[PDB]
Amino acid sequence: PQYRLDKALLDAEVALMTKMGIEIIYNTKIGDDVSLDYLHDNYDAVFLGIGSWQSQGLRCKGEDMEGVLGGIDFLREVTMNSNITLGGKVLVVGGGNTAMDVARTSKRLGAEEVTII
Amino acid sequence: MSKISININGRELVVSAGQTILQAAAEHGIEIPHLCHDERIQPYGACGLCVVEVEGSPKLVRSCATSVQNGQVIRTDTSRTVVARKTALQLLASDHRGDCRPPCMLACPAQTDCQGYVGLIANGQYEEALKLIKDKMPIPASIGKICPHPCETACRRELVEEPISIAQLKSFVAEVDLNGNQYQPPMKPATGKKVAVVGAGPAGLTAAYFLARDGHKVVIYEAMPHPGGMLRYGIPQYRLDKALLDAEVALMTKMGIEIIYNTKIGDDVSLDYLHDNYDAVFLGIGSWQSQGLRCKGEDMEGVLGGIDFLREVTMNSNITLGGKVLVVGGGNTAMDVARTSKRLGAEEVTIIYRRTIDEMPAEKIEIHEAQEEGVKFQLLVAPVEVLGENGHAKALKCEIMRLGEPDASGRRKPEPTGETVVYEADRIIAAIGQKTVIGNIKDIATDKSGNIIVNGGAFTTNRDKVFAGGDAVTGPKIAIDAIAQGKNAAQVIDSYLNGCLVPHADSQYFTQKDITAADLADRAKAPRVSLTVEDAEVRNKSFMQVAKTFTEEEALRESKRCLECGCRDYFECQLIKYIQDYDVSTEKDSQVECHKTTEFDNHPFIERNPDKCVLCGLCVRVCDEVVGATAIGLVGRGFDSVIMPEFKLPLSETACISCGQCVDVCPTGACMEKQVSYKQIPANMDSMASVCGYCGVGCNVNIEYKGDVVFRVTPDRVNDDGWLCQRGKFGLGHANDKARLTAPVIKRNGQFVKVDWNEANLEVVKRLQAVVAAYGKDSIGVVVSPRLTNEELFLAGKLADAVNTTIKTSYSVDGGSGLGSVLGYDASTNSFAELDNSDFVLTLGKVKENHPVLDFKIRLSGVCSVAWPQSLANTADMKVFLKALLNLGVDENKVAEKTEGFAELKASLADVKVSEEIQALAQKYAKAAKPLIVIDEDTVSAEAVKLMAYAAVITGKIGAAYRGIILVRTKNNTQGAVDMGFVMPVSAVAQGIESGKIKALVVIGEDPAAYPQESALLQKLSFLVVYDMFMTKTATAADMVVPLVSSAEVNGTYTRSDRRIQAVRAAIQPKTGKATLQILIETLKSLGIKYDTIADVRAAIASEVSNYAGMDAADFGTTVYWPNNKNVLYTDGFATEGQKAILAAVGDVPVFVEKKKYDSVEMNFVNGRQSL
Amino acid sequence: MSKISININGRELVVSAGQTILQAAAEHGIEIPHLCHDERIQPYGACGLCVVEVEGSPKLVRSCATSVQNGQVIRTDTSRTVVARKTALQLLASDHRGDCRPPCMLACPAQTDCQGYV
Ligand SMILES: Cc1cc2nc3c(=O)[nH]c(=O)nc-3n(C[C@H](O)[C@H](O)[C@H](O)COP(=O)(O)OP(=O)(O)OC[C@H]3O[C@@H](n4cnc5c(N)ncnc54)[C@H](O)[C@@H]3O)c2cc1C
Ligand SMILES: NC(=O)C1=CN([C@@H]2O[C@H](COP(=O)(O)OP(=O)(O)OC[C@H]3O[C@@H](n4cnc5c(N)ncnc54)[C@H](OP(=O)(O)O)[C@@H]3O)[C@@H](O)[C@H]2O)C=CC1
Ligand SMILES: NC(=O)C1=CN([C@@H]2O[C@H](COP(=O)(O)OP(=O)(O)OC[C@H]3O[C@@H](n4cnc5c(N)ncnc54)[C@H](OP(=O)(O)O)[C@@H]3O)[C@@H](O)[C@H]2O)C=CC1
Ligand code: SF4
Ligand code: SF4
Ligand code: SF4
Ligand code: SF4
Ligand code: SF4
Ligand code: SF4
Ligand code: FES
Ligand code: FES
């Protein structure tokens, strides 16, 4: 979240790094936009740092109903200044750092009562 | 047609019929004097300066009152016309009282504009003050440090208290702008000429500085290791720092001037070499010899000259002084030698002078400082013999003098009586005087005193291509005299290099010598800013500076004390222009009488001076024929004719509008407008063309500024009619307000704390996101002001779209005028340019009081105008009007096939009776072929506009040229606000707030909370952002305030009330750091919409706003109208869904209830009106 | 003087007396067809391509032969003027023999000007 890490610091550091001669191409998803065979043919080496960008579901009955959303997706829409819906009462399921970030961002986003399960 | 061609002054010109000879000659660059001519009103014939000779006419004709014909021969520069103009100007100068230029400037040898930069310092503009100073000298810090300031002797503040510290202020500005961004003046393109300057003193440096600015290539030949002249090798270090001089010379040599040191002309390089290799030569060698003692034994060892002594001190050479030193002389050379000797370890220094202290040519300040430092003065003593043994001088035998008769110069001549006194001394320094030496330079004639003989005013020696100036010509003087001679010689040399040598001549000004202390007895007294001088204990041992430069607080305090003696109208006055053109003496004879006035007209805006009036009558003619107020008029006959308000009342007790048109047409300083800045001044202001930001009329203005201060606003007589009103003339003072916000503020713990722009952007974006997340769609209202430009309004609409809301509105627009439901577009169907061809104008509302320039145009057009009666304030009277129009025989079939609901309109008027006055108005309207209806949106309800639309539709007077409805909007960009979708009524906003549907509000430029109902409404919100210039009542209730800039700092476009798009240009850079477009662009970039410049936003406007097609390449310097660049709307049918005018019933609407002002700028103007 | 101003094709223009409507429209970038008009000699009235509609006139007027007045409303792109110009051009094209472009160029798919560079 923004209150813990300022994005201006991150942007300034990446600008410092790209001054060194590293080219960053945004909005390019490998396998969906550009093949991996293309990168394999055109480059002397390939490194995959894709990360873990899926959210585990509730693993319960009715987990597919409308009104249930993952924590990672929620934080991504918060970051991109998109249009979200929260409501007065929000229940966050989990106990790691994702749950803490979701709960505190929800408290900042006008949720009147937030409870962690 | 056949090409009407006239022949004037020898040239053959092609002109147009109906024009006067004055206009025709001025169109082709022929200048004819005139004072009482205005091309927009009738001729008068008062001054008589426009007389020409026309063949076939026995007497001179007035070119301001005779129209051009075919094949007429005109001469404007004969003997008769010149004689008549000179006699007229002499008679006019026989009656004029004023100061064209202040006493301080006329006392300066270089004629530096002291009032100008003193008053620019008083406004806080220091770069402009330096730009003004540098027009005369290249080295202002040194000159301000060392000048003996003749200007302060002539200062009129001396009649109140001690005068203004002009030299200290100049030194302050020069050093402040040396230590910051160094200023380099613009230079002309290279001419290919070469000038050699001999010497790098003040005169040579000034000549090189002013010849390099003319485009020439200048080389300076200096005999010394370092440049500066006697400013470096005669001025001691404790009085002038050499670092300042070196920095200034480095600044000058950055401009492209080459200085060659250690090159003595005549000893190292011949003058014939420079004569052959260069296009001109200037000799600024100065006076670099010392006069001897002129006594017995003056050649003995142990006696040295003052100039040589100071030169060896400066070069850090090895000198010998001894314990006791006797300095002979009384000028500034003696003072410098004595004080440098006190610093160089001499235990006792004595000055031998042949007159008294009060008779000394040295400055009293220098004498006082010298006495404080410890040098003793021996007075009325003249040296006779130098005594010594074995060749070493050890004593001075002198004669004792007595005071005698005054000389021709006003100084007593000393006379010996009988007594001699012998003074013991280890060293004897003769600081007697200076002499010019030509050295080995040959073929240059010199005087008996050594000075170079030059032709007076042309600066030419006997040798061709060689010029001279400075101390080499005038002898020893002060430094600003050398600088003035150098600049004048630079001008003369520059004229010579173009092929026509013209000598330098002084100008003629009107001056006032009747000012006494009693005439300034009402001025308050403020003490001078004293100079901080180091203690005399540490001064006697060090070569450190004895005084400090002014601080900024001291400089402001001293500059705010000026009396503003000179005429403010000098740079635009036309009387002094012709006086100096025809060379009329401005001297006055005491045996003739000029009327002196004791006027007391303390109007807050208009200043009238009958002493400077030439009685051209332009002011009364404009106020009678154009404005129609008739607030001033003529009183008397002959000499007693004077222009004054009604019944000799003050101008505030009469029908004056404070428009300022009398100010704008005045050729002299008799009428001036009041000061918008902190302290106005006579200056050449920079001018930027913009449009007025108060009315929907959209008058074009010229903003006149100097740096970052807006000084005045003048009409644009080239691109428009050239009229203004009070809000356009005087309404741009809020740009100079000190109460404007500078940084965004966020409310934490009930206190506003300043933040950065990034923190403010993040806060507003995140809070709007929080409101949307908690409460969903349409929970945010965007309330804008119609004073913003079209790009600002487009970006505000995009921001409303990005936060998922449809409530975009404005308190000033409040839902439009209702013409859109009837015709399709909520806009006027015709332009202002078609008001001159109508034969009937029907005025609805108070057009005169709200949009007065529109009334000026209607009155000057001369068409028949009928106002809607005030006793018809009911809509039922308008229904009677419609019935009377229908009974006069309109075509039912055309309006039946072109409209919807005409049958019900006819049915609803079945039992309507018609009165006499209604019948007369309907007959007047229906009789005329091409009528217009001008509706004032401020004082007319929506139903009256709809009924005027119904009348114009059923009659058939719509959708054609010179026929239709003109609608005058309340604010400058009300049309632009309507076009971008800000047409929601504010009743919906109030209802949504009180019903819990609307939780956040974005307010841009408005103040709804000045009224208790809207304030109690805003108290129920959850979040509120206010974008405003001032911390108004609404911004105090907000959780966050973001500043806005004024209209003088924005670039964009405004849409006029007749659908004309005009370019708005930024006079001064934004004082908050960012403009409104930049703020909105940053916020939208945070939200995910990418725009970079205003060109991208204009392309987006042209692609998204439906009727603005062509804004990308519109070139708003010309006339642009948004519907297909068409002046007339509905030429091919109405804009409704079925291409038909929708006529529907309108209820009984009672008498109108006056509207309120919600824009913060308008109420700022209204409240500031009561402050004066 | 008084700024003689006409209103043509929806726009308001400031012109000079004595000029024809053809000259006045061409000075302000409004294109009216003409074939038999030369501004240095007298009007002829042969082609009829310069016809405009002027309010107050029942029939189309030839803008090459009528001088501008004050406050007259002119339309150049109506149905009647376009129909008259198309009929005139059809009658003229009924009598014209010539090759606007050579056979070599018209046979090229890219319409390269073969005659020009040859
Ligand atoms: C001791 C002293 C104190 C003064 N104090 C003040 C003061 O407090 N305030 C004030 O306003 N004025 C003061 N003045 C006056 C002021 O310094 C001079 O009037 C002014 O500088 C004149 O400059 P100039 O250009 O005429 O010649 P200068 O500046 O005197 O000399 C110009 C240059 O010509 C060069 N030169 C000479 N001969 C040749 C040659 N043959 N070839 C090449 N180059 C040559 C010299 O090297 C010199 O650098 C003082 C003067 C003196 C002597
Ligand atoms: N990279 C990081 O920053 C780290 C991750 N986290 C947390 O762990 C998550 C992912 O890492 P990892 O620890 O491998 O993920 P896990 O699969 O271990 O899940 C982590 C959290 O969810 C609980 N959990 C998992 N499955 C279920 C289920 N069916 N029902 C209820 N609770 C469940 C765990 O509690 P329990 O203690 O009982 O296992 C713990 O609170 C993050 O989303 C975050 O919440 C925390 C610290 C470091
Ligand atoms: N350029 C400058 O900065 C100015 C120069 N000075 C002084 O004037 C000198 C040169 O200018 P200028 O005034 O034309 O020079 P002058 O020839 O007038 O001499 C000036 C000084 O010397 C005195 N003096 C002159 N000749 C003799 C002599 N035989 N015996 C005794 N005293 C004499 C004068 O006093 P008296 O009053 O009796 O004439 C005065 O003190 C400088 O050296 C300086 O001392 C001062 C102000 C401006
Ligand atoms: S240069 Fe000297 S005389 Fe001129 S304004 Fe400055 S102080 Fe006054
Ligand atoms: S009061 Fe101001 S304007 Fe008047 S002489 Fe002094 S400095 Fe100049
Ligand atoms: S009105 Fe003109 S002539 Fe008269 S004092 Fe002012 S500038 Fe000089
Ligand atoms: S006040 Fe000005 S405009 Fe009026 S008559 Fe005198 S000089 Fe002319
Ligand atoms: S300000 Fe306007 S209304 Fe007042 S006297 Fe001058 S011209 Fe007349
Ligand atoms: S009439 Fe309106 S637009 Fe014109 S100057 Fe006055 S306030 Fe400004
Ligand atoms: S008499 Fe013609 S301008 Fe004054
Ligand atoms: S141009 Fe041919 S008829 Fe006018």
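A. Local environment of the overall build of chain A. Each helix and strand in chain A was counted, giving four helices and two strands. Helices and strands in chain A line up, N terminus first, as α-α-α-β-α-β. For chain A, the C-alpha radius of gyration of 19 Å lies well beyond 13 Å, the compact-globule estimate for 117 residues. For the C-alpha atoms alone, the extent of chain A along its principal axes is close to 50 × 35 × 25 Å.

B. Molecular detail of the overall build of chain B. The number of helices and strands found in chain B is 40 helices and 42 strands. For chain B, the spread of C-alpha atoms along the three principal axes comes to 135 × 85 × 60 Å. Burial status across chain B gives 54% buried among its 1172 residues. Counting only contacts in chain B whose residues sit at least 6 apart along the sequence, the fraction spanning at least 24 positions is 72%. Carbon and sulfur atoms provide 48% of the accessible area of chain B, an area that totals close to 50300 Å². In chain B, the 127 positive side-chain charges and the 146 negative ones have mean positions that sit 1 Å from each other.

C. A look at helix α35 (residues 986-994) of chain B. Residues and elements named next belong to chain B. When α35 is considered as a whole, its buried residues turn out to be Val986, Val989, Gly992 and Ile993. The buried residues of α35 occupy one face: seen down the axis, they fall within an arc of 115°. Along α35, exposed side chains directed more than 90 degrees from the buried face belong to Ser987, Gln991 and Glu994. Against the buried residues of α35 lie β31 (807-809), β37 (1000-1004) and α36 (1012-1018).

D. Representation of the interface of chain C and chain B. Taken together, the 15 residues of chain C in the interface contact 15 residues of chain B. Summing both sides of the interface, chain C and chain B together bury roughly 1200 Å²; the carbon and sulfur share of this comes to 46%. When residues of chain C are sorted by the area they lose upon contact with chain B, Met1(C), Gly10(C) and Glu12(C) head the list and together hold 39% of the total. Across the contact surface, chain C and chain B share one salt bridge. Residue assignment for the side of chain C that touches chain B shows that the elements contributing at least two residues are β1 (5-8), β2 (11-14) and β5 (73-75) of chain C.

E. Looking closely at the site of ligand 7. Surrounding ligand 7, one finds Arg608(B), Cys613(B), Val614(B), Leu615(B), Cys616(B), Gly617(B), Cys619(B), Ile643(B), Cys666(B), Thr668(B), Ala670(B) and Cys671(B). Each residue belonging to the shell around ligand 7 can be placed in one class, and the counts come to nine nonpolar, two polar and one charged.

F. Layout of the site of ligand 2. Residues and elements named next belong to chain A. As a matter of local geometry, ligand 2 sits amid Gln56, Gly95, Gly96, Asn97 and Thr98. Contacts to ligand 2 include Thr98, whose side-chain N or O atom sits 2.7 Å from an oxygen atom. For ligand 2, the accessible surface in isolation is 890 Å², of which the surrounding protein chains cover 27%.

G. A look at the arrangement of the chains. Where two pairs of chains are in contact, the pair with the most contacts is made of chains B and C. A minimum C-alpha distance of 37 Å separates chain A and chain C, which share no contact.

H. Focus on the sheet that holds strand β15 (residues 381-389) of chain B. Residues and elements named next belong to chain B. Reading across from one edge, β15-β16-β17 is the order of the three strands in this open sheet, with antiparallel pairing throughout. With one partner strand each, in any of the chains shown, β15 and β17 (415-424) form the two edges of the open sheet. Neighbour to neighbour, the strand axes of the sheet diverge by 25° on average, direction disregarded. Sheet topology note: the strand β16 (residues 392-402)/β17 ladder contains seven bridges and is antiparallel. Of the residues in β17, the one forming a bridge with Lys397 is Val422.

I. Up close: the interface of chain B and chain A. Tallying the contact residues gives 13 residues for chain B and 14 residues for chain A. By the criterion of area lost to chain A, the three top residues of chain B are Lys766(B), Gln769(B) and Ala773(B), representing 44% of everything that side buries. At the surface where chain B touches chain A, the tally comes to zero salt bridges. Here chain B and chain A share five residue pairs in polar contact between them. If you list the elements that add at least two residues to the side of chain B that touches chain A, you get α24 (757-775) and α38 (1076-1087) of chain B. It is α24(B) that provides the largest number of residues to the side of chain B that touches chain A, a total of eight residues. Counted by class, the side of chain B that touches chain A contains nine nonpolar, three polar and one charged residues.

J. Summary view of the pattern of salt bridges. Residue and element names in this part refer to chain B. Tallied over the entire structure, the rule returns 57 salt bridges over all chains. With its nearest N and O atoms 2.9 Å apart, the salt bridge here joins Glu366 to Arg339. Highlighted residues: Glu366 in helix α15 (residues 364-373) and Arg339 in helix α14 (residues 332-343), separated in sequence by 27 residues. No difference in accessibility class separates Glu366 from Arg339, as the two residues are buried. Here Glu1104 makes a salt bridge to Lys798, at a shortest N to O gap of 3.7 Å. Of this pair, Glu1104 sits in helix α39 (residues 1094-1104) while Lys798 sits in helix α25 (residues 790-802), and the two are 306 residues apart along the sequence.

K. Representation of the sheet that holds strand β7 (residues 217-221) of chain B in the model. Residue and element names in this part refer to chain B. Reading across from one edge, β8-β7-β6-β9-β20 is the order of the five strands in this open sheet, with parallel pairing throughout. Looking at the sheet topology across the chains shown, the edges are occupied by β8 (258-260) and β20 (466-468). Neighbour to neighbour, the strand axes of the sheet diverge by 20° on average, direction disregarded. When strand β9 (residues 280-283) meets β20, the two strands line up parallel, connected through three bridges.

L. Spatial organisation of helix α32 (residues 916-927) of chain B. Residue and element names in this part refer to chain B. With twelve residues, α32 extends 16 Å between its outermost C-alpha atoms, agreeing within 8% with the 16 Å of an ideal straight helix rising 1.5 Å per residue. By the burial criterion, the buried members of α32 are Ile918, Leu921, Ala922 and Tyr925. Relative to the axis of α32, the buried residues are bounded by an arc of 100° and lie together on one face. Exposed and facing more than 90 degrees away from the buried side of α32 are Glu916 and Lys927. Looking at the buried positions of α32, the neighbouring elements they touch are β32 (840-844), β33 (865-867), α29 (875-887), β35 (931-936) and α33 (942-955).

M. Main features of unusual backbone geometry. Residue and element names in this part refer to chain B. A positive phi is found at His149, a non-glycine position, where the angle reads about 45°. Among the secondary structure elements, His149 is positioned in the loop between α6 (140-146) and α7 (150-153). Taking the relative accessible area as the measure of exposure, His149 reaches 27% and is therefore partly exposed. Here the phi dihedral of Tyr962 falls at roughly 60°; this positive angle occurs in a residue that is not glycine. As for its placement among the helices and strands, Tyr962 is situated in the loop between α33 and β36 (964-968). Taking the relative accessible area as the measure of exposure, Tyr962 reaches 0% and is therefore buried.

N. Geometry of empty space enclosed by the protein. All names here are of chain B. One pass over the structure, following the stated rule, counts twelve cavities of 30 Å³ or more. Looking at the largest cavity, its volume works out to about 310 Å³. Together, 29 residues line the largest cavity, and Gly693, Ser1046, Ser1047, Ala1048 and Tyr1054 are the ones closest to its centre. Breaking the lining of the largest cavity down by element, the ones donating at least two residues are β25 (686-691), β26 (700-705) and α23 (726-730). Class assignment of the residues belonging to the lining of the largest cavity gives a composition of 15 nonpolar, ten polar and four charged.

O. Representation of a nonpolar patch on the surface in the model. Where nonpolar side chains cluster on the molecular surface, the patch consists of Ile30(A), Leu36(A), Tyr43(A), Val46(A), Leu48(A) and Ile50(A) and spans about 600 Å² of accessible area. As for its position among the elements, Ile30(A) is in the loop between α1 (7-19) and α2 (36-42).

P. Summary view of the pairing of strand β39 (residues 1040-1043) of chain B. Residues and elements named next belong to chain B. A two-sided burial pattern is seen for β39, the buried positions comprising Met1040 and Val1042 on one face and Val1041 and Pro1043 on the other. Of the strand pairs in this sheet, strand β28 (residues 745-748) and β39 are connected by two bridges, and their pairing is antiparallel. Note on β39: the bridge partner recorded for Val745 is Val1041.

Q. Structural context of the UniProt feature "binding site: NADPH" (unreviewed entry) in chain B. Residues and elements named next belong to chain B. The feature "binding site: NADPH" (unreviewed entry), as given by UniProt, occupies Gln291, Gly330, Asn332, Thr333, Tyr353, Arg354, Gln434 and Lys477 in the numbering adopted here. Mapping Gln291 onto the fold places it in the loop between β10 (289-290) and β11 (303-305). Under the relative-accessibility criterion, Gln291 is labelled partly exposed at 28%. Once residues lying within four places of it in the same chain are set aside, the contact partners of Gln291 are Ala430, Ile432, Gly433, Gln434 and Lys435. Here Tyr353 is to be found in the loop between β13 (348-352) and α15. Look at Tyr353 and you get buried, because its relative accessible area is 8%. Other than its neighbours up to four places away in sequence, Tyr353 contacts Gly329, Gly330, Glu359, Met360, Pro361, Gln378, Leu379, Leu380 and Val381.

Definitions and limits used
Residues numbered from 1 in each chain as written, not as in the entry; some residues may be left out. Chains lettered and ligands numbered in written order. Part of a larger assembly, values for the part shown. Heavy atoms only, no water. Helix = DSSP H or I, 4+ residues; strand = E, 2+ residues; numbered from the N terminus. Rg over C-alpha atoms; globule rule 2.2 N^0.38 Å. Buried < 20%, exposed > 50% of the residue type's maximum accessible area, 1.4 Å probe, protein only. Contact = heavy atoms within 4.5 Å. Areas by Shrake-Rupley, 256 points an atom, 1.4 Å probe, with all protein chains shown as cover. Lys, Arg positive; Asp, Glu negative; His and termini not counted. Charge placed at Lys NZ, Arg CZ, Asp CG, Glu CD. Arc of directions from axis to C-beta. Buried area = accessible area lost by both parts, 1.4 Å probe. Salt bridge = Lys/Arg side-chain N within 4 Å of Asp/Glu carboxyl O. Near = heavy atom within 4 Å. Nonpolar A, V, L, I, M, F, W, Y, C, P; charged D, E, K, R; others polar. Polar contact = N/O pair within 3.5 Å; in protein donor to acceptor, adjacent residues only side chain to side chain. Pairing = 2+ DSSP bridges. Axes fitted to C-alpha atoms, helices over the stretch in contact; angles between N-to-C directions. Expected span 1.5 Å × (residues − 1). 1 Å grid on protein atoms, 1.4 Å probe; cavity = no way out; pocket = protein on both sides within 12 Å on 5 of 7 lines; lining within 4 Å. Points joined across faces, edges and corners; volume = space filled by probe spheres on them. Patch = residues over 30% accessible without salt bridge, like charges linked within 9 Å, V, L, I, M, F, W, Y side chains within 5 Å. UniProt positions renumbered as here; feature names shortened; annotations may be inferred.

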